[PDB]
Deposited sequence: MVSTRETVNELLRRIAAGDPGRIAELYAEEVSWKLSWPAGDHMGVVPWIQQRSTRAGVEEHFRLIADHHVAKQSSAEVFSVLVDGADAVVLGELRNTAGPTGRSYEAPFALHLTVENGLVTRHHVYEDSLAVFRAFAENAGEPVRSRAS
């Protein structure tokens, strides 16, 4: 079924929290990218690290939940590709500092499965929270 249907189902599963069910939406192999410097992968902001498979995606959603709300402004869809436009308004577990990060979430869907997850977000604001 559709690219847009797949994405809306992803947003609702993400809003609902269960990481295993979130990962169920993801392809076995996943292209995972983040607008964070190479050298700061697995740095002070802990989820920032490279990922490659569904199980990796699962561990990611378990980890943002360990270390808060989110608004979705729009969802642009153009074929197999989509961009979720919103804002993260969370608070960093360790430092206690509350932060807001605008994000654009780029997704690709093939056969109802997410094959790409590329986050573009205010990396410096998140970083200063940690």
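- Residues of the deposited sequence that lack C-alpha coordinates fall in the stretches 1, 69-73, 137-149.
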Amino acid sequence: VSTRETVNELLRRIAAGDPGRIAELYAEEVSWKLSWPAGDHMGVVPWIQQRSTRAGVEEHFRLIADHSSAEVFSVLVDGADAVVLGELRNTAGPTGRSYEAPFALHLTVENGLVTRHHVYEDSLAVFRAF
From here on, numbers count along this sequence of modelled residues.
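- Here the stretch with the larger average CA B-factor, out of 92-100 and 45-53, is 92-100.
- Averaged over Cα atoms, the B-factor as recorded in the entry is higher for 36-44 than for the other of 36-44 and 55-63.
- Sort the modelled residues of the chain by CA B factor and residue 11 lands in the middle third.
- Residue 110: CA B factor in the middle third of modelled residues in this chain (values from the PDB entry).
- In the deposited entry, the Cα temperature factor of residue 1 sits in the top third of values across the chain's modelled residues.
- Sort the modelled residues of the chain by CA B factor and residue 74 lands in the middle third.
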